[PDB]
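Pasting run.cif here (mmCIF, C-alpha atoms and all ligand atoms):
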data_final
loop_
_atom_site.label_atom_id
_atom_site.label_comp_id
_atom_site.auth_asym_id
_atom_site.auth_seq_id
_atom_site.Cartn_x
_atom_site.Cartn_y
_atom_site.Cartn_z
CA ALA A 11 116.42 111.14 114.25
CA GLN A 12 117.03 108.96 111.20
CA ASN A 13 114.11 108.26 108.80
CA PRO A 14 111.62 110.56 110.48
CA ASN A 15 108.93 110.10 107.81
CA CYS A 16 109.08 106.26 108.51
CA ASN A 17 109.66 105.28 104.88
CA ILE A 18 110.39 101.68 103.95
CA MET A 19 114.13 101.42 103.32
CA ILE A 20 115.84 99.11 100.88
CA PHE A 21 119.30 97.72 101.55
CA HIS A 22 121.92 96.22 99.26
CA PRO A 23 124.59 94.59 101.54
CA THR A 24 127.88 93.42 100.06
CA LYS A 25 128.95 89.80 100.51
CA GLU A 26 131.21 90.96 103.34
CA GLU A 27 128.37 92.78 105.09
CA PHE A 28 126.15 89.67 104.63
CA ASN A 29 128.27 87.61 107.03
CA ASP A 30 127.11 88.86 110.38
CA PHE A 31 123.30 88.87 110.56
CA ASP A 32 122.94 90.58 113.97
CA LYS A 33 125.42 93.27 113.02
CA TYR A 34 123.56 94.10 109.76
CA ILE A 35 120.16 94.32 111.56
CA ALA A 36 121.76 96.74 114.01
CA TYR A 37 123.21 98.75 111.04
CA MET A 38 119.80 99.01 109.40
CA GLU A 39 118.29 100.31 112.66
CA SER A 40 121.18 102.88 112.94
CA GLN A 41 119.83 104.30 109.67
CA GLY A 42 116.25 104.35 110.92
CA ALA A 43 114.87 101.34 109.09
CA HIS A 44 112.75 100.15 111.98
CA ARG A 45 110.74 103.32 112.01
CA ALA A 46 108.84 102.07 108.90
CA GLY A 47 107.98 98.69 110.48
CA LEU A 48 109.32 96.88 107.37
CA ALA A 49 112.59 96.89 105.36
CA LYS A 50 113.69 95.12 102.14
CA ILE A 51 117.16 93.48 101.88
CA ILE A 52 118.43 92.53 98.38
CA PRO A 53 121.16 89.86 98.85
CA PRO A 54 124.57 90.29 97.21
CA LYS A 55 124.69 88.94 93.68
CA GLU A 56 127.15 86.17 94.76
CA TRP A 57 124.63 84.69 97.23
CA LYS A 58 122.08 81.95 96.72
CA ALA A 59 119.61 80.18 99.03
CA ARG A 60 120.05 76.88 97.30
CA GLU A 61 121.16 75.57 93.86
CA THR A 62 117.70 74.92 92.29
CA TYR A 63 114.00 74.63 93.10
CA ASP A 64 113.52 71.71 90.69
CA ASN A 65 112.90 69.05 93.30
CA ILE A 66 110.28 70.60 95.69
CA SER A 67 107.07 69.10 94.29
CA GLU A 68 106.77 66.32 96.74
CA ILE A 69 106.64 68.52 99.85
CA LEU A 70 103.24 67.97 101.49
CA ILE A 71 100.76 70.67 102.35
CA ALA A 72 98.92 68.63 104.99
CA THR A 73 96.13 71.20 105.65
CA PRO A 74 95.65 73.71 102.79
CA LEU A 75 93.47 76.62 103.90
CA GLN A 76 90.69 78.14 101.75
CA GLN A 77 90.43 81.81 102.69
CA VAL A 78 86.74 82.74 102.68
CA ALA A 79 85.92 86.48 102.98
CA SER A 80 82.97 88.31 104.55
CA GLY A 81 82.25 92.07 104.52
CA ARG A 82 82.87 94.74 101.88
CA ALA A 83 85.71 95.11 99.40
CA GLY A 84 87.84 97.39 101.54
CA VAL A 85 86.84 96.09 105.04
CA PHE A 86 86.49 92.35 105.44
CA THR A 87 87.38 89.35 107.53
CA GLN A 88 88.53 85.97 106.36
CA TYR A 89 88.12 82.51 107.81
CA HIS A 90 90.21 79.51 106.99
CA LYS A 91 88.41 76.42 105.78
CA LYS A 92 90.54 73.25 105.99
CA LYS A 93 90.94 71.29 102.71
CA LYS A 94 92.34 67.86 101.94
CA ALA A 95 96.11 67.40 101.84
CA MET A 96 97.97 67.95 98.60
CA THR A 97 101.58 68.01 97.40
CA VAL A 98 103.36 71.22 96.32
CA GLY A 99 103.15 69.90 92.73
CA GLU A 100 99.40 69.44 93.02
CA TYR A 101 99.04 72.89 94.62
CA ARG A 102 101.11 74.60 91.90
CA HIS A 103 98.83 73.03 89.25
CA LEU A 104 95.78 74.27 91.15
CA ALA A 105 97.23 77.81 91.47
CA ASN A 106 97.84 77.84 87.66
CA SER A 107 94.26 76.64 86.85
CA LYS A 108 91.81 78.92 85.14
CA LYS A 109 89.77 79.22 88.39
CA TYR A 110 92.71 80.46 90.48
CA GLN A 111 95.39 81.95 88.17
CA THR A 112 96.50 85.59 88.18
CA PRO A 113 94.47 87.67 85.61
CA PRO A 114 96.05 89.64 82.87
CA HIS A 115 97.41 92.94 84.15
CA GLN A 116 99.59 95.91 83.13
CA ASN A 117 101.87 96.29 86.08
CA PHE A 118 101.87 95.77 89.87
CA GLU A 119 99.68 98.82 90.43
CA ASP A 120 96.98 97.51 88.10
CA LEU A 121 97.12 94.12 89.87
CA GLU A 122 96.81 95.85 93.27
CA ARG A 123 93.67 97.65 92.01
CA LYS A 124 92.22 94.34 90.86
CA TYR A 125 93.04 92.68 94.21
CA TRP A 126 91.20 95.32 96.28
CA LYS A 127 88.31 95.44 93.87
CA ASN A 128 87.70 91.73 93.58
CA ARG A 129 89.38 89.76 96.45
CA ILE A 130 86.21 89.19 98.43
CA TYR A 131 84.47 87.42 95.51
CA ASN A 132 86.96 84.55 95.45
CA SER A 133 88.28 82.02 97.98
CA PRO A 134 91.97 81.28 97.19
CA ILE A 135 93.75 78.33 98.86
CA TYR A 136 96.98 79.02 100.94
CA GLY A 137 99.56 76.46 102.17
CA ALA A 138 100.61 78.17 105.37
CA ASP A 139 102.64 77.67 108.37
CA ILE A 140 104.37 74.48 107.24
CA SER A 141 107.33 73.67 109.48
CA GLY A 142 110.47 73.30 107.38
CA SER A 143 113.24 75.03 105.34
CA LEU A 144 114.31 75.35 101.74
CA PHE A 145 117.80 76.80 102.56
CA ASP A 146 120.67 74.52 101.64
CA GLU A 147 122.57 73.45 104.72
CA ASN A 148 125.71 74.76 103.08
CA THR A 149 124.31 78.33 102.76
CA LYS A 150 126.04 80.07 105.62
CA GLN A 151 124.73 83.64 105.22
CA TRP A 152 121.11 84.61 106.12
CA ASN A 153 120.05 80.99 106.35
CA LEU A 154 116.70 81.22 108.18
CA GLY A 155 117.17 77.75 109.62
CA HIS A 156 120.50 78.78 111.31
CA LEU A 157 119.68 81.97 113.09
CA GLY A 158 120.32 82.53 116.81
CA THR A 159 117.21 81.48 118.74
CA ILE A 160 114.87 83.81 120.61
CA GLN A 161 115.36 81.64 123.73
CA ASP A 162 119.10 82.18 123.56
CA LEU A 163 118.59 85.95 123.06
CA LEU A 164 116.36 86.15 126.18
CA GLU A 165 118.98 84.18 128.10
CA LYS A 166 121.83 86.40 126.90
CA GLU A 167 119.93 89.59 127.75
CA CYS A 168 118.08 88.67 130.91
CA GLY A 169 119.98 85.61 132.26
CA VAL A 170 116.97 83.30 132.46
CA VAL A 171 117.20 79.91 130.72
CA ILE A 172 113.88 78.78 129.22
CA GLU A 173 112.41 75.84 127.30
CA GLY A 174 111.32 76.25 123.68
CA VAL A 175 112.51 76.11 120.14
CA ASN A 176 112.37 78.46 117.15
CA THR A 177 112.09 76.98 113.62
CA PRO A 178 111.10 78.34 110.20
CA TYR A 179 107.87 77.98 108.31
CA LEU A 180 107.10 77.64 104.60
CA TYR A 181 104.22 79.36 102.83
CA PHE A 182 102.96 78.28 99.41
CA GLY A 183 100.70 81.01 97.92
CA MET A 184 98.53 81.72 94.92
CA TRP A 185 96.76 84.78 93.47
CA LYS A 186 94.73 86.59 96.14
CA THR A 187 96.06 84.60 99.06
CA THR A 188 96.02 87.06 101.91
CA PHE A 189 97.79 87.82 105.17
CA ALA A 190 95.62 89.78 107.57
CA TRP A 191 96.65 92.81 109.63
CA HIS A 192 98.87 91.69 112.52
CA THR A 193 102.06 92.14 114.48
CA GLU A 194 104.17 89.10 115.36
CA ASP A 195 103.69 86.93 118.43
CA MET A 196 105.06 88.85 121.42
CA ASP A 197 105.77 91.75 118.98
CA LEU A 198 108.86 89.92 117.69
CA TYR A 199 110.73 90.65 114.48
CA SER A 200 110.11 88.51 111.46
CA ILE A 201 112.20 87.76 108.42
CA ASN A 202 110.70 86.49 105.19
CA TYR A 203 112.53 85.20 102.13
CA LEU A 204 110.62 84.82 98.84
CA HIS A 205 112.22 81.65 97.44
CA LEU A 206 110.41 81.47 94.15
CA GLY A 207 107.55 82.51 91.99
CA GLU A 208 105.32 85.56 91.81
CA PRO A 209 105.58 88.64 94.05
CA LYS A 210 104.08 89.46 97.45
CA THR A 211 102.72 93.01 98.12
CA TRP A 212 103.05 94.29 101.69
CA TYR A 213 101.40 97.07 103.64
CA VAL A 214 102.82 98.30 106.95
CA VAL A 215 102.07 100.81 109.74
CA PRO A 216 105.04 102.44 111.53
CA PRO A 217 105.44 101.06 115.07
CA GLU A 218 105.10 104.49 116.57
CA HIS A 219 101.58 104.66 115.01
CA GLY A 220 100.32 101.17 115.68
CA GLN A 221 97.67 102.30 118.15
CA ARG A 222 96.08 104.38 115.37
CA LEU A 223 95.52 101.25 113.38
CA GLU A 224 94.13 99.45 116.46
CA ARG A 225 91.63 102.26 117.09
CA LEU A 226 90.43 102.12 113.53
CA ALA A 227 90.16 98.38 113.65
CA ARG A 228 87.95 98.59 116.82
CA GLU A 229 85.65 101.03 114.93
CA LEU A 230 85.50 98.83 111.78
CA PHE A 231 85.08 95.46 113.54
CA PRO A 232 82.98 96.46 116.54
CA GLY A 233 81.63 92.95 117.51
CA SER A 234 85.15 91.49 117.31
CA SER A 235 86.46 94.31 119.48
CA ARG A 236 83.86 93.59 122.16
CA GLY A 237 84.81 89.91 122.11
CA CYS A 238 88.52 90.45 122.67
CA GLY A 239 90.71 93.33 123.64
CA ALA A 240 93.45 92.14 121.22
CA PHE A 241 91.46 90.72 118.34
CA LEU A 242 94.01 91.55 115.64
CA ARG A 243 95.97 88.61 117.24
CA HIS A 244 93.33 86.45 115.53
CA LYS A 245 94.84 87.36 112.16
CA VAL A 246 91.54 87.66 110.30
CA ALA A 247 90.91 91.34 109.55
CA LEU A 248 91.64 93.27 106.34
CA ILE A 249 91.50 97.00 105.69
CA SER A 250 92.39 98.42 102.25
CA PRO A 251 94.79 101.22 101.51
CA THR A 252 91.90 103.36 100.34
CA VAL A 253 90.18 102.92 103.71
CA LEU A 254 93.37 103.57 105.63
CA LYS A 255 93.88 106.85 103.60
CA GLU A 256 90.26 107.90 104.24
CA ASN A 257 90.82 107.52 107.98
CA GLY A 258 94.24 109.18 108.11
CA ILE A 259 96.22 106.13 109.15
CA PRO A 260 99.90 106.38 108.36
CA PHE A 261 101.18 103.43 106.24
CA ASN A 262 103.46 102.41 103.42
CA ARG A 263 103.44 99.71 100.78
CA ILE A 264 106.10 97.74 98.83
CA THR A 265 106.27 94.69 96.54
CA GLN A 266 108.73 91.87 97.36
CA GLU A 267 110.04 89.79 94.43
CA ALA A 268 111.64 86.36 94.34
CA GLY A 269 115.12 86.41 95.81
CA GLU A 270 114.46 89.24 98.24
CA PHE A 271 114.22 89.37 102.04
CA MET A 272 111.79 91.41 104.07
CA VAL A 273 112.26 92.19 107.76
CA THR A 274 109.30 93.24 109.95
CA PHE A 275 110.19 95.14 113.13
CA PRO A 276 108.68 94.92 116.62
CA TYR A 277 105.11 96.17 116.73
CA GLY A 278 105.04 96.90 112.97
CA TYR A 279 101.52 95.96 111.83
CA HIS A 280 101.58 94.40 108.37
CA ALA A 281 99.20 92.79 105.83
CA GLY A 282 99.45 91.78 102.22
CA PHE A 283 98.71 89.44 99.33
CA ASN A 284 100.38 87.15 96.81
CA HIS A 285 100.34 87.87 93.08
CA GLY A 286 100.39 84.21 91.91
CA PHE A 287 102.04 80.89 92.72
CA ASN A 288 104.97 81.42 95.09
CA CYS A 289 106.91 79.98 98.03
CA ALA A 290 108.16 82.00 100.99
CA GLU A 291 109.99 81.04 104.16
CA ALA A 292 109.76 83.02 107.40
CA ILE A 293 110.83 82.92 111.03
CA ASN A 294 110.60 85.10 114.11
CA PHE A 295 113.72 86.52 115.75
CA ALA A 296 114.73 88.84 118.54
CA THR A 297 117.42 91.45 119.27
CA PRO A 298 118.23 93.34 122.48
CA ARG A 299 115.91 96.17 121.38
CA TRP A 300 112.97 93.75 121.19
CA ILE A 301 112.92 92.99 124.94
CA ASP A 302 110.98 96.14 125.86
CA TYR A 303 108.41 95.42 123.16
CA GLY A 304 107.95 91.91 124.36
CA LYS A 305 107.23 93.14 127.81
CA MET A 306 104.46 95.48 126.52
CA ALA A 307 102.91 93.21 123.86
CA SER A 308 99.17 92.84 123.93
CA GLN A 309 97.71 89.52 124.34
CA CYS A 310 94.61 87.60 123.24
CA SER A 311 93.14 85.67 126.21
CA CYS A 312 89.69 84.89 124.58
CA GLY A 313 90.85 81.59 123.21
CA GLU A 314 90.90 82.41 119.52
CA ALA A 315 94.58 83.19 118.93
CA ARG A 316 96.08 79.80 120.06
CA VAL A 317 99.87 79.76 119.48
CA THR A 318 103.05 77.73 119.78
CA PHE A 319 104.45 76.00 122.78
CA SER A 320 107.38 78.41 122.87
CA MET A 321 105.27 81.56 123.54
CA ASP A 322 104.51 80.17 127.03
CA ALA A 323 107.90 81.00 128.39
CA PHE A 324 107.95 84.45 126.84
CA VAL A 325 104.67 85.39 128.57
CA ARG A 326 105.73 83.71 131.78
CA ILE A 327 109.02 85.58 132.07
CA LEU A 328 108.26 88.92 130.43
CA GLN A 329 104.56 89.28 131.46
CA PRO A 330 104.09 87.41 134.75
CA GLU A 331 100.99 89.43 135.72
CA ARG A 332 99.28 88.43 132.44
CA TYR A 333 100.45 84.82 132.54
CA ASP A 334 97.52 83.15 134.38
CA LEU A 335 94.80 84.77 132.24
CA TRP A 336 96.70 84.22 128.97
CA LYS A 337 97.29 80.54 129.83
CA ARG A 338 93.55 80.06 130.54
CA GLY A 339 93.04 81.25 126.91
CA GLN A 340 95.55 78.66 125.72
CA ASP A 341 93.74 75.77 127.64
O1 LIG B 1 103.99 85.66 103.87
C1 LIG B 1 102.93 85.57 104.57
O2 LIG B 1 101.80 85.02 104.26
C2 LIG B 1 102.93 86.13 105.96
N1 LIG B 1 104.24 86.48 106.46
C3 LIG B 1 104.41 87.30 107.50
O3 LIG B 1 103.47 87.88 108.16
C4 LIG B 1 105.79 87.55 107.99
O4 LIG B 1 106.78 87.13 107.36
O5 LIG B 1 105.81 88.20 109.06
MG MG B 2 109.97 67.30 96.92
NI NI B 3 103.98 88.55 109.97
ZN ZN B 4 91.09 86.93 121.27
#
Could you spell out this file's structure in structure tokens?
Ligand SMILES: O=C(O)CNC(=O)C(=O)O
Ligand SMILES: [Mg+2]
Ligand code: NI
Ligand SMILES: [Zn+2]
Amino acid sequence: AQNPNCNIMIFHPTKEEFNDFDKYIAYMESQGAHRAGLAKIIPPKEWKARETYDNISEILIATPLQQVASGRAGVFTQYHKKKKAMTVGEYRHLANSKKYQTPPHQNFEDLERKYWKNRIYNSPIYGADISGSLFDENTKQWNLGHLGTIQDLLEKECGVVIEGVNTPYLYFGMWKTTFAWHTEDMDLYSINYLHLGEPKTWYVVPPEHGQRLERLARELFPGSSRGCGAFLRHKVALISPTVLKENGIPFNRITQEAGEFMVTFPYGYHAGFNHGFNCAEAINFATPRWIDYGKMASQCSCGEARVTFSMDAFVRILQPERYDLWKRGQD
């Protein structure tokens, strides 16, 4: 078995290997990458997402979210308070302000220590989940707006034609902005490209150990667990690496820099934080190997998780028994 310790693997494709996206994902899995839950792909030196980032300031962040924490430093939840709209240029200025800017630090490890020590005492503002793309239309390789759609994959694999669309989302981050422990909707893959700015640190649990994380989470968030049998679908809970180590949960960590792709694999729980002002783009995707994960994916039916239009068909076709209850949660 390749990669039996479930380490995060880093790949350096040539320009020739960068042509066929599906084929390269399948190559990475042949070397065991998926066992980690997360892989890093460094594009060939010849490649670029677009020519410059000089003209992005007038993109609108219609609903910036202030991420307010509750709990203790290593075990907390966050809720998202809606703020007034602002442009990317306004947001970048805010991120760089004395109130919100990255503190002085020695290296990424020192910054990670400071994040876990101090995150809960601040409420950073995140521009998340903004439909759109920063890839130039002329970028033909690994353009996250031109991937094969999940609906087309399901149709190719299973023969059923379904409604729905699949488009990318932009994320504008600042110091301490945080992504809570989660897997993707319907335990899909994700791909994330860091277009610009400061790094993003990731933590990930191997798919084969995801239920260990879930059991810890039920212990650590016992009221949330009673409220919903899939409450990590709410995307609000944080657990530090120190706490995961204390409880014997297998995980790994890596820092993504500007110009790098990350791929999350089906049922790979992940969480993380931004180091300073940055912009990422991400999208879900599927492969043939995903189908079995989609069929087994947990679902939130309590009403909190509320998701896209396009998840309807996935639940309806892959999880018909669950469909009725899940849809009640959506309505
Ligand atoms: O970058 C972020 O805030 C969150 N991204 C992801 O969870 C992802 O790409 O799967
Ligand atoms: Mg603009
Ligand atoms: Ni994710
Ligand atoms: Zn729920």
Residues up to 9 Å from ligand ZN 4 (chain B), counting all atoms listed in the file: could you list those as a PDB file with C-alpha atoms, keeping the file's coordinate frame?
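As written to disk, part14.pdb reads:
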ATOM      1  CA  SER A 234      85.150  91.490 117.310  1.00  0.00           C
ATOM      2  CA  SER A 235      86.460  94.310 119.480  1.00  0.00           C
ATOM      3  CA  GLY A 237      84.810  89.910 122.110  1.00  0.00           C
ATOM      4  CA  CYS A 238      88.520  90.450 122.670  1.00  0.00           C
ATOM      5  CA  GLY A 239      90.710  93.330 123.640  1.00  0.00           C
ATOM      6  CA  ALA A 240      93.450  92.140 121.220  1.00  0.00           C
ATOM      7  CA  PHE A 241      91.460  90.720 118.340  1.00  0.00           C
ATOM      8  CA  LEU A 242      94.010  91.550 115.640  1.00  0.00           C
ATOM      9  CA  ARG A 243      95.970  88.610 117.240  1.00  0.00           C
ATOM     10  CA  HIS A 244      93.330  86.450 115.530  1.00  0.00           C
ATOM     11  CA  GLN A 309      97.710  89.520 124.340  1.00  0.00           C
ATOM     12  CA  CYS A 310      94.610  87.600 123.240  1.00  0.00           C
ATOM     13  CA  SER A 311      93.140  85.670 126.210  1.00  0.00           C
ATOM     14  CA  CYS A 312      89.690  84.890 124.580  1.00  0.00           C
ATOM     15  CA  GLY A 313      90.850  81.590 123.210  1.00  0.00           C
ATOM     16  CA  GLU A 314      90.900  82.410 119.520  1.00  0.00           C
ATOM     17  CA  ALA A 315      94.580  83.190 118.930  1.00  0.00           C
ATOM     18  CA  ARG A 316      96.080  79.800 120.060  1.00  0.00           C
ATOM     19  CA  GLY A 339      93.040  81.250 126.910  1.00  0.00           C
TER      20      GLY A 339
END
Contacts to ligand MG 2 (chain B) at 8 Å cut-off (only C-alpha atoms and all ligand atoms) as a short mmCIF file (atom, residue, chain, number, x, y, z; two decimals) with C-alpha atoms, in the coordinates of the input:
data_model
loop_
_atom_site.label_atom_id
_atom_site.label_comp_id
_atom_site.auth_asym_id
_atom_site.auth_seq_id
_atom_site.Cartn_x
_atom_site.Cartn_y
_atom_site.Cartn_z
CA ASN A 65 112.90 69.05 93.30
CA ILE A 66 110.28 70.60 95.69
CA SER A 67 107.07 69.10 94.29
CA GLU A 68 106.77 66.32 96.74
CA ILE A 69 106.64 68.52 99.85
CA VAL A 98 103.36 71.22 96.32
#
### Task
List all protein, DNA and RNA residues that have any atom at most 7 Å from ligand LIG 1 (chain B), counting only C-alpha atoms and all ligand atoms, and write the list as a ChimeraX atom specification.
/A:181,188-189,194,200-202,274,280-281,290,292-293
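In this comparison, which uses all atoms listed in the file, the residue of A:100, A:263, A:82, A:124 approaching residue 19 (chain A) most closely is A:263.
Separating CA of residue 163 (chain A) from CA of residue 35 (chain A) is a distance of 14.3 Å.
When CA of residue 145 (chain A) is paired with CA of residue 193 (chain A), their separation reads 25.0 Å.
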### Query
With distances taken over all atoms listed in the file, which of A:219, A:195, A:62, A:338 is nearest to ligand NI 3 (chain B)?
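Result for the nearest residue to ligand NI 3 (chain B): A:195.
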#### Entry: Within-6 Å shell of (104.0, 91.7, 114.3) in input frame, all atoms listed in the file, as an MDAnalysis selection string
chainID A and resid 192:194 197 277:279
### Message
Given only C-alpha atoms as the basis, pick out the residue of A:129, A:210, A:50, A:166 nearest to residue 88 (chain A).
### Response
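Using only C-alpha atoms, the shortest distance to residue 88 (chain A) belongs to A:129.
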#### Entry: Proximity to ligand NI 3 (chain B) - best of A:34, A:199, A:324, A:110, only C-alpha atoms and all ligand atoms
A:199
### Message
Ranking A:26, A:256, A:139, A:64 by minimum distance to ligand NI 3 (chain B) and counting only C-alpha atoms and all ligand atoms, which one comes first?
### Response
A:139
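Using only C-alpha atoms, the set of residues no farther than 9 Å from the position (116.3, 97.5, 118.1) comprises residues 35, 36, 39, 40, 44, 275, 276, 296, 297, 298, 299, 300 and 301 of chain A.
Distance-wise, CA of residue 186 (chain A) and CA of residue 282 (chain A) end up 9.3 Å apart.
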How would region 294-310 of chain A read, as a short mmCIF file (atom, residue, chain, number, x, y, z; two decimals), keeping the file's coordinate frame, once N, CA, C and O atoms are built in?
data_model
loop_
_atom_site.label_atom_id
_atom_site.label_comp_id
_atom_site.auth_asym_id
_atom_site.auth_seq_id
_atom_site.Cartn_x
_atom_site.Cartn_y
_atom_site.Cartn_z
N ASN A 294 110.43 84.03 113.12
CA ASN A 294 110.60 85.10 114.11
C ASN A 294 112.03 85.13 114.67
O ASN A 294 112.64 84.08 114.82
N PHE A 295 112.45 86.34 115.05
CA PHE A 295 113.72 86.52 115.75
C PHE A 295 113.63 87.70 116.67
O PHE A 295 112.71 88.51 116.62
N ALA A 296 114.66 87.80 117.53
CA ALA A 296 114.73 88.84 118.54
C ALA A 296 116.14 89.49 118.47
O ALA A 296 117.11 88.93 118.00
N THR A 297 116.17 90.69 119.03
CA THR A 297 117.42 91.45 119.27
C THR A 297 117.30 92.05 120.67
O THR A 297 116.25 92.06 121.27
N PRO A 298 118.38 92.69 121.18
CA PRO A 298 118.23 93.34 122.48
C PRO A 298 117.10 94.40 122.55
O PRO A 298 116.37 94.53 123.56
N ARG A 299 116.91 95.14 121.43
CA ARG A 299 115.91 96.17 121.38
C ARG A 299 114.46 95.63 121.46
O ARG A 299 113.53 96.32 121.92
N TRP A 300 114.32 94.36 121.07
CA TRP A 300 112.97 93.75 121.19
C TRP A 300 112.46 93.60 122.63
O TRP A 300 111.24 93.63 122.84
N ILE A 301 113.38 93.38 123.60
CA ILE A 301 112.92 92.99 124.94
C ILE A 301 111.80 93.91 125.48
O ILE A 301 110.76 93.42 125.96
N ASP A 302 111.98 95.23 125.35
CA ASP A 302 110.98 96.14 125.86
C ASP A 302 109.61 96.04 125.17
O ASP A 302 108.52 96.10 125.78
N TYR A 303 109.64 95.70 123.88
CA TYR A 303 108.41 95.42 123.16
C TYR A 303 107.74 94.13 123.58
O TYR A 303 106.49 94.05 123.73
N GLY A 304 108.52 93.11 123.84
CA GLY A 304 107.95 91.91 124.36
C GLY A 304 107.25 92.06 125.71
O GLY A 304 106.24 91.46 125.96
N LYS A 305 107.82 92.87 126.55
CA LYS A 305 107.23 93.14 127.81
C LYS A 305 105.89 93.87 127.75
O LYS A 305 105.03 93.72 128.64
N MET A 306 105.67 94.66 126.71
CA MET A 306 104.46 95.48 126.52
C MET A 306 103.46 94.91 125.54
O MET A 306 102.37 95.48 125.37
N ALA A 307 103.75 93.75 124.91
CA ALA A 307 102.91 93.21 123.86
C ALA A 307 101.51 92.87 124.40
O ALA A 307 101.33 92.26 125.48
N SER A 308 100.51 93.27 123.64
CA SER A 308 99.17 92.84 123.93
C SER A 308 99.04 91.35 123.81
O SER A 308 99.80 90.59 123.09
N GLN A 309 98.02 90.87 124.51
CA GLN A 309 97.71 89.52 124.34
C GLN A 309 96.22 89.21 124.21
O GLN A 309 95.37 89.92 124.77
N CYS A 310 95.96 88.20 123.40
CA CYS A 310 94.61 87.60 123.24
C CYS A 310 94.51 86.55 124.40
O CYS A 310 95.27 85.54 124.44
#
